[PDB]
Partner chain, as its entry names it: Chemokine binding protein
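So this first bit is one chain, no partners, the form deposited without its partner chain, shown in structure tokens.
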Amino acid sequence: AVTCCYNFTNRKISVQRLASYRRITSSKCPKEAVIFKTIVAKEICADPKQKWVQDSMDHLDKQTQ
């Protein structure tokens, strides 16, 4: 909606702890990021530059229909 991330995560989250990720129209966001939904229903912010974020998105995408 109008939801951006003011802070990124420090550590690399465990692939086993992420349930999904969400899209964003972050054109007007000060910082660009990805938003992970965790198995415990929490939302975490991650920097798309880091490689582990792309790897997590890959391992979570290859699990759909």
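Numbering follows the first chain given and starts at 1. We call the rigid core the largest set of C-alpha positions that still match within 1.5 Å between the two forms.
Enquirer: If you take the mean CA temperature factor per stretch, which one wins between 20-28 and 37-45?
Expert: Comparing 37-45 with 20-28, the higher mean C-alpha B-factor belongs to 20-28.
Enquirer: When the modelled residues of the chain are sorted by Cα temperature factor, does residue 4 land in the lowest, middle or highest third?
Expert: Lowest third - that is where residue 4 ends up once the chain's C-alpha B-factors are sorted.
Just so you know, the form solved in complex with its partner chain exists too; it's not on screen, but the next bit is about it.
Enquirer: Which of the residues spanning 25-48 lie within 4.5 Å of its partner chain in the entry with it bound, based on heavy atoms?
Expert: Read in sequence order, the residues that approach its partner chain (within 4.5 Å, in the entry with it bound) are 35, 38, 39, 40, 42, 43, 44, 45.
Enquirer: Tell me, with the core superposed, which single residue in 57, 19, 24, 45 has its C-alpha moved by at least 2 Å between the shown form and the other one.
Expert: Once the cores are aligned, the residue moving by 2 Å or more is 24.
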